[PDB]
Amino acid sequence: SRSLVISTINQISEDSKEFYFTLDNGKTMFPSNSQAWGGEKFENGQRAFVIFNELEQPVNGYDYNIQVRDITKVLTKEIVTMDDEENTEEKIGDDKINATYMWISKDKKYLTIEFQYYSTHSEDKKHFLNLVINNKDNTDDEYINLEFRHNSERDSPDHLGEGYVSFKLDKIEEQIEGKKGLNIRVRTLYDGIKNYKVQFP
């Protein structure tokens, strides 16, 4: 029977066609049919939803041996630092968005957000999502302050939709040591500005 997970696509070998999956609990999956995605060059660190069948036979060095049915990429982005020239209020935007569900992977490499916002649901009008370090008593010594920003690019807020975005936490890797988690500023859909604390596993 079918299985579904979110995972990191690992592309570390010299053959860019050879890849495996890392789950947010640290466990790994070996795709016995990864060759079928041979035309699809996946970047190392790419996040994706994977539909698969778990095979009975184990493969040495991997927790799972799987037959992949579908790989659907999850928007994977870097944090927008203070020094970035693209870190402008105009480019980043501050449109409403809901952070429905958030979690950090065991290795503290990703913050994934299940979000909801209103759009016209058209490929022509793309929305811009970012995890930003703002350039301008608080618990800054326990939680790292970040802003989950949304630029709707003037799209009419007609229909509610859901999605996922995964952010690499490597640009704040030095600060993670000795902190409880992340403090995420969100301009919510119905309740104004909220600050959500997301714990490191």
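Numbers for residues come from their place in the sequence shown, where the first is 1.
Please say, as none, 1 to 3, 4 to 9, or 10 or more, how many residues of the deposited sequence are without coordinates in the interval between residue 136 and residue 137.
-> Count of unmodelled residues in between: 4 to 9.
Greater mean Cα temperature factor according to the PDB record, 153 to 161 or 34 to 42 = The deposited B-factors put 34 to 42 ahead on the C-alpha mean.
Would 185 to 193 or 7 to 15 have the larger average of its C-alpha temperature factors, as given in the entry?
-> For C-alpha atoms only, the mean B-factor is higher in 7 to 15.
Which listed residue, 119, 116, 76, 88, has the largest C-alpha temperature factor in the record?
-> Highest C-alpha B-factor among the listed options: 88.
Compare the CA B factors listed in the entry for 146, 50, 59, 169 and report the winner.
-> Highest C-alpha B-factor among the listed residues goes to 59.
Residue 107, C-alpha B-factor rank within chain (lowest, middle or highest third) = Residue 107: CA B-factor falls in the middle third of its chain.
Against its chain's modelled residues, does residue 81's Cα B factor rank lowest, middle or highest third?
-> It belongs to the highest third of the chain when residues are ordered by C-alpha B-factor.
Sorting the chain's CA B-factors, does residue 96 end up in the lowest, middle or highest third?
-> CA B-factor rank for residue 96: lowest third.
Lowest, middle or highest third: where is residue 29 by Cα B-factor in its chain?
-> As the PDB entry reports it, the C-alpha B-factor of residue 29 lands in the lowest third of its chain.
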